Structures are given as C-alpha cells and as structure tokens.
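Read the structure below first, then the notes.
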Amino acid sequence: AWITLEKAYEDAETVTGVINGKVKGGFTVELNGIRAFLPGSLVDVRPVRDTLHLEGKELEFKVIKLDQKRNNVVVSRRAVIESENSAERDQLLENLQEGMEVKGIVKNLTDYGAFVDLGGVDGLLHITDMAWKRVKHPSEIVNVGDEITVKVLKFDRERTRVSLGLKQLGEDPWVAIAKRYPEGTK
C-alpha cells in the first residue's frame with residue numbers, strides 16, 4: 001500500500017478511498033489502510049451545506065502529498081479540480097473585478113477568518129473585518145454557504161489568495177466620530 005500511494009503521487013493516479021470521518025479542518029479518508037486528510041476548502045466545487053452525505057462514501061482522490069514520516073497522505077479531489085480552477089483563477093487574475101469586489105459563498109469559517117470562495121481564489125474574511133464590532137465568533141454573522149459581498153484589502157497573486165473585508169461597506173464610523181465626538185465629550 002505504501003508503494004501504491006507513492007506511485008500515485010508520482011503517477012497522479014485516481015485512487016478509490018473511503019472517507020472515514022470529518023474534522024474541523026476537513027475529512028479523514030482511508031486509502032489502502034493509510035490515513036488521508038481532505039482539506040475543508042478542497043472538498044467539492046459546490047459548497048454543499050449538507051456535508052453529511054459525504055461521510056462513508058467510496059470516492060476517488062488524487063494524491064497531493066505522501067508523508068512517510070507520519071503515515072498520512074493529504075488528498076484533494078484533484079485532477080478534475082485544478083485545470084478548471086487555473087483558468088478561473090486566471091480569469092479572476094485578469095478581471096480583478098474592480099478591486100476584486102465579488103459575491104462569494106463562505107465555504108468554511110475559522111476563528112481567525114472566514115474562507116470565502118470567489119470562484120477560484122480563497123479569501124480569509126477576518127473576524128475583525130466581518131463587522132466593525134469585535135465579534136468573538138464568526139458563526140453568528142455568516143453561516144456556511146451564505147453569500148456575502150466582500151471587498152478585498154489584499155490580493156496575493158503567487159498563492160492565488162485574497163484578503164477580504166466587510167467593513168468597507170459600512171461608512172467608516174471613525175470619520176463620523178471626528179464630526180460626532182470632539183475631545184471632552186462624555
């Protein structure tokens with residue numbers, strides 16, 4: 001099995017595997033007795049809110065990384081997912097959508113930011129920038145699969161990543177404070 005997964009890493013082979021469980025960062029797959037990890041942002045082209053149907057199904061994965069030292073292989077639904085996303089990443093790379101303003105669907109929420117799919121690029125929408133308010137948890141404002149319009153603060157071309165912000169639609173209250181609250185106000 002270990003020789004099998006190493007060749008499929010070299011040969012880019014499609015291997016059948018069973019997803020044994022889902023964790024906060026992805027799904028656990030088993031391939032010929034070797035433990036695989038499917039990243040949450042890499043599970044499917046559609047951010048299907050009902051992930052329960054993905055548990056226990058035999059599905060094919062492409063070996064991205066084989067770790068001899070840890071007995072774990074990181075797989076994603078590759079082959080199929082990589083050529084389409086390169087064209088779409090290039091399209092977003094060429095369009096840049098008036099400073100990357102785009103409707104996006106939140107694939108997964110993390111405690112330091114939200115993963116928002118803009119159709120090819122991964123954005124971290126930080127809890128600080130989800131709203132002007134210092135929210136303790138992103139889960140109350142945006143649910144997995146909600147469409148939010150977010151404005152990009154930073155575009156990382158080399159990693160095909162965008163840093164997102166929601167604050168910029170809400171008129172900056174600090175500039176209003178300069179007009180609302182002079183020094184000395186109780």
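In the structure tokens, chains take the letters A, B, ... in the order shown, each chain's residues start at 1, and ligands count up from 1 in the order shown.
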
Next on the checklist: Can you tell me, as a count of residues only, which residues in segment 22-148 of chain A count as strand (DSSP E) by DSSP?
Outcome noted: 49

Checklist entry - If you count only C-alpha atoms, which residues fall within 10 Å of residue 7 of chain A, apart from same-chain ones fewer than 6 positions away, as a ChimeraX atom specification? => result /A:1,13,63,66

Put those residues in a file: C-alpha atoms, as a CSV table (one decimal), in the first residue's frame.
```
chain,number,residue,atom,x,y,z
A,1,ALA,CA,0.0,0.0,0.0
A,13,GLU,CA,-3.4,8.3,-10.2
A,63,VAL,CA,-2.6,12.1,-4.1
A,66,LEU,CA,2.5,11.4,0.8
```

Item to check | Surrounding residues of residue 16 of chain A excluding itself and chain neighbours under 2 positions, 7 Å, only C-alpha atoms, as a PyMOL selection string | outcome: chain A and resi 14+58-61

Keeping only N, CA and C atoms, write the selected residues to a file as an mmCIF file, in the first residue's frame.
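Okay, selection23.cif is ready:
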```cif
data_model
loop_
_atom_site.group_PDB
_atom_site.id
_atom_site.type_symbol
_atom_site.label_atom_id
_atom_site.label_comp_id
_atom_site.auth_asym_id
_atom_site.auth_seq_id
_atom_site.Cartn_x
_atom_site.Cartn_y
_atom_site.Cartn_z
ATOM 1 N N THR A 14 -5.787 8.249 -9.993
ATOM 2 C CA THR A 14 -7.051 8.295 -9.271
ATOM 3 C C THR A 14 -7.196 7.002 -8.474
ATOM 4 N N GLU A 58 -17.435 5.765 -0.898
ATOM 5 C CA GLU A 58 -16.234 5.479 -1.672
ATOM 6 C C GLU A 58 -16.107 6.486 -2.807
ATOM 7 N N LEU A 59 -15.060 7.309 -2.761
ATOM 8 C CA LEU A 59 -14.833 8.320 -3.783
ATOM 9 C C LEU A 59 -13.348 8.378 -4.106
ATOM 10 N N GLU A 60 -13.046 8.757 -5.342
ATOM 11 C CA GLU A 60 -11.672 8.814 -5.812
ATOM 12 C C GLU A 60 -11.013 10.146 -5.480
ATOM 13 N N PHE A 61 -9.748 10.067 -5.076
ATOM 14 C CA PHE A 61 -8.918 11.211 -4.739
ATOM 15 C C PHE A 61 -7.593 11.098 -5.473
#
```

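Residue nearest residue 19 of chain A within the list A:175, A:36, A:3, A:73: A:36 [criterion: smallest interatomic distance, only C-alpha atoms].
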
Next on the checklist: Let me make sure I understand: among A:174, A:115, A:2, A:181, which one has the smallest atom-to-atom distance to residue 161 of chain A if we use only C-alpha atoms?
Outcome noted: A:115

Please identify every residue of segment 30-122 of chain A that has at least one atom no farther than 10 Å from an atom of segment 134-144 of chain A, counting only C-alpha atoms, and for each give the shortest atom pair and the distance in Å to one decimal, arranged by chain then increasing number, as a tab-separated table.
```
residue	atom	partner	partner_atom	distance
A:47	CA	A:144	CA	8.1
A:48	CA	A:144	CA	8.8
A:49	CA	A:144	CA	6.5
A:50	CA	A:144	CA	9.9
A:105	CA	A:144	CA	7.9
A:106	CA	A:144	CA	5.5
A:107	CA	A:144	CA	5.8
A:108	CA	A:144	CA	5.9
A:109	CA	A:138	CA	6.8
A:110	CA	A:138	CA	7.5
A:111	CA	A:137	CA	6.7
A:112	CA	A:138	CA	8.6
A:113	CA	A:138	CA	7.7
A:114	CA	A:138	CA	7.4
A:115	CA	A:144	CA	9.4
A:116	CA	A:144	CA	9.4
```

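Atom pair atom CA of residue 168 of chain A / atom CA of residue 151 of chain A has a distance of 6.8 Å (rounded to one decimal).
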
Next on the checklist: I need the residue nearest residue 120 of chain A from this list: A:70, A:159, A:77, A:22. Use only C-alpha atoms for the distance.
Outcome noted: A:159

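All residues within segment 71-160 of chain A that the backbone DSSP calculation assigns to alpha helix (DSSP H) are residues 80, 81, 82, 83, 84, 85, 86, 87, 88, 89, 90, 91, 92, 93, 94, 95, 97, 98, 99, 100, 127, 128, 129 and 130 of chain A.
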
Can you spit out the residues from that selection as a compact mmCIF listing (two decimals), in the first residue's frame, using N, CA, C and O atoms?
```txt
# COMPACT_ATOMS: atom_id res chain seq x y z
N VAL A 80 -9.59 16.44 -11.65
CA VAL A 80 -10.76 17.21 -12.05
C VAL A 80 -10.64 18.65 -11.56
O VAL A 80 -10.82 19.61 -12.32
N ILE A 81 -10.35 18.81 -10.27
CA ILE A 81 -10.17 20.12 -9.65
C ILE A 81 -8.68 20.48 -9.75
O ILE A 81 -7.87 19.96 -8.99
N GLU A 82 -8.35 21.38 -10.69
CA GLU A 82 -7.03 22.00 -10.83
C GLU A 82 -6.89 22.70 -12.18
O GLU A 82 -6.34 23.80 -12.26
N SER A 83 -7.38 22.06 -13.24
CA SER A 83 -7.33 22.69 -14.56
C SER A 83 -8.43 23.74 -14.72
O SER A 83 -8.16 24.85 -15.18
N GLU A 84 -9.66 23.39 -14.34
CA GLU A 84 -10.74 24.37 -14.34
C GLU A 84 -10.41 25.56 -13.44
O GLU A 84 -10.60 26.72 -13.82
N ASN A 85 -9.91 25.28 -12.23
CA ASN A 85 -9.60 26.36 -11.31
C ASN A 85 -8.44 27.23 -11.78
O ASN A 85 -8.40 28.42 -11.45
N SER A 86 -7.52 26.69 -12.59
CA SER A 86 -6.45 27.54 -13.12
C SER A 86 -6.98 28.55 -14.13
O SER A 86 -6.58 29.72 -14.11
N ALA A 87 -7.86 28.11 -15.03
CA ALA A 87 -8.48 29.04 -15.97
C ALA A 87 -9.30 30.08 -15.22
O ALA A 87 -9.21 31.28 -15.52
N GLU A 88 -10.08 29.65 -14.22
CA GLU A 88 -10.91 30.57 -13.47
C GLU A 88 -10.06 31.50 -12.61
O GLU A 88 -10.39 32.68 -12.45
N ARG A 89 -8.96 30.99 -12.05
CA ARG A 89 -8.04 31.86 -11.31
C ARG A 89 -7.43 32.90 -12.23
O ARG A 89 -7.30 34.07 -11.86
N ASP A 90 -7.05 32.48 -13.44
CA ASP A 90 -6.52 33.42 -14.43
C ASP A 90 -7.57 34.45 -14.82
O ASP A 90 -7.26 35.63 -14.99
N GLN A 91 -8.83 34.02 -14.98
CA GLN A 91 -9.90 34.96 -15.31
C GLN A 91 -10.07 35.99 -14.21
O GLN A 91 -10.18 37.19 -14.47
N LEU A 92 -10.08 35.53 -12.95
CA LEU A 92 -10.17 36.47 -11.84
C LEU A 92 -8.88 37.28 -11.74
O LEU A 92 -8.90 38.43 -11.31
N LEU A 93 -7.76 36.67 -12.13
CA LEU A 93 -6.48 37.37 -12.14
C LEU A 93 -6.47 38.48 -13.19
O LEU A 93 -5.88 39.54 -12.98
N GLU A 94 -7.12 38.23 -14.34
CA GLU A 94 -7.25 39.24 -15.38
C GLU A 94 -8.36 40.25 -15.08
O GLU A 94 -8.20 41.44 -15.35
N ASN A 95 -9.51 39.78 -14.57
CA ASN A 95 -10.63 40.68 -14.32
C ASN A 95 -10.39 41.58 -13.11
O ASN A 95 -10.60 42.79 -13.17
N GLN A 97 -12.07 42.36 -10.98
CA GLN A 97 -13.42 42.77 -10.57
C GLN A 97 -13.45 44.07 -9.76
O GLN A 97 -13.92 44.12 -8.63
N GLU A 98 -12.95 45.14 -10.39
CA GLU A 98 -12.94 46.48 -9.81
C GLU A 98 -12.41 46.43 -8.37
O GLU A 98 -13.12 46.72 -7.40
N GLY A 99 -11.14 46.06 -8.26
CA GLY A 99 -10.55 45.81 -6.95
C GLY A 99 -11.16 44.62 -6.25
O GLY A 99 -11.38 44.65 -5.03
N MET A 100 -11.45 43.56 -7.01
CA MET A 100 -11.85 42.25 -6.51
C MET A 100 -13.17 42.26 -5.73
O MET A 100 -13.42 41.36 -4.94
N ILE A 127 -12.41 37.95 11.45
CA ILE A 127 -13.44 38.29 12.43
C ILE A 127 -13.39 39.77 12.79
O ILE A 127 -14.41 40.38 13.13
N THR A 128 -12.20 40.37 12.72
CA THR A 128 -12.08 41.81 12.95
C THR A 128 -12.74 42.61 11.84
O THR A 128 -13.31 43.67 12.11
N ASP A 129 -12.72 42.11 10.61
CA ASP A 129 -13.26 42.84 9.48
C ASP A 129 -14.63 42.33 9.04
O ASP A 129 -15.21 42.90 8.11
N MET A 130 -15.16 41.29 9.69
CA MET A 130 -16.51 40.84 9.37
C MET A 130 -17.52 41.94 9.66
O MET A 130 -18.49 42.13 8.92
```

Checklist entry - What is the atom CA of residue 122 of chain A to atom CA of residue 102 of chain A distance in Å? => result 12.3 Å

Item to check | Counting only C-alpha atoms, the residue of A:119, A:149, A:74, A:9 that sits nearest residue 28 of chain A | outcome: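 Checking each of A:119, A:149, A:74, A:9 against residue 28 of chain A, counting only C-alpha atoms, the winner is A:74.
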
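Using only C-alpha atoms, the shortest contact distance between residue 123 of chain A and any of A:41, A:56, A:51, A:170 is found at A:41.
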
Checklist entry - Neighbours of residue 132 of chain A within 9 Å (only C-alpha atoms; same-chain residues fewer than 5 positions away dropped), as a PyMOL selection string? => result chain A and resi 166-167+170+172-173

Checklist entry - Do you have the atom CA of residue 33 of chain A-atom CA of residue 20 of chain A distance handy? => result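 The value is 11.1 Å.
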
Checklist entry - With only C-alpha atoms as the atoms that count, which of A:150, A:103, A:76, A:18 lies nearest to residue 45 of chain A? => result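 For residue 45 of chain A, the nearest of the given residues is A:76.
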